[PDB]
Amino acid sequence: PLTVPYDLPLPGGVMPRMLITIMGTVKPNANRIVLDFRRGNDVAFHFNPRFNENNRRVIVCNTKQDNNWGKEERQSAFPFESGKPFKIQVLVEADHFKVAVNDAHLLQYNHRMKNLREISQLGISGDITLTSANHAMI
């Protein structure tokens, strides 16, 4: 029963073997979900499921620097469903972020902003109810 948008502190930034876990329910008639791994006002990793982009479901990933978006990465595999519970797991590794949804691998996003110690906040927003958010070293 967390309030969305929710800011999860990542003190000391991210590092290899850090695992972030987000639990919630997609609202009925959802349009999008956003997880923003922020470096101050910049976004090192934007993970953005879209439920109705031109009548299709897609995952868009990108990086924002100085208010401008970089080149998009796109994935047709879409494990979310309107009205249903979900579990997002983000594993940080030396070269990328690895994302799994409902315990199944979804995608990898290579680090563009390499100073991992400065990625100190995760913003969770969009058309969801949020149950829990945590991070641990595994």
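So that there is no doubt, residue numbering starts at 1 and follows the sequence shown.
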What stretch has the higher average Cα B-factor here, 80 to 88 or 44 to 52? 80 to 88
Out of 62 to 70 and 101 to 109, which stretch has the higher average CA B-factor listed in the record? 101 to 109
Of the three thirds of Cα B-factor ranks in this chain, residue 115 occupies the highest
Could you tell me which third, lowest, middle or highest, the C-alpha B-factor of residue 38 occupies within its chain? lowest
Position of residue 18 among the chain's modelled residues by C-alpha B-factor, lowest, middle or highest third: middle
For residue 57, the third of its chain into which the C-alpha B factor falls: highest
Residue 94: CA B-factor among chain residues, third -> highest
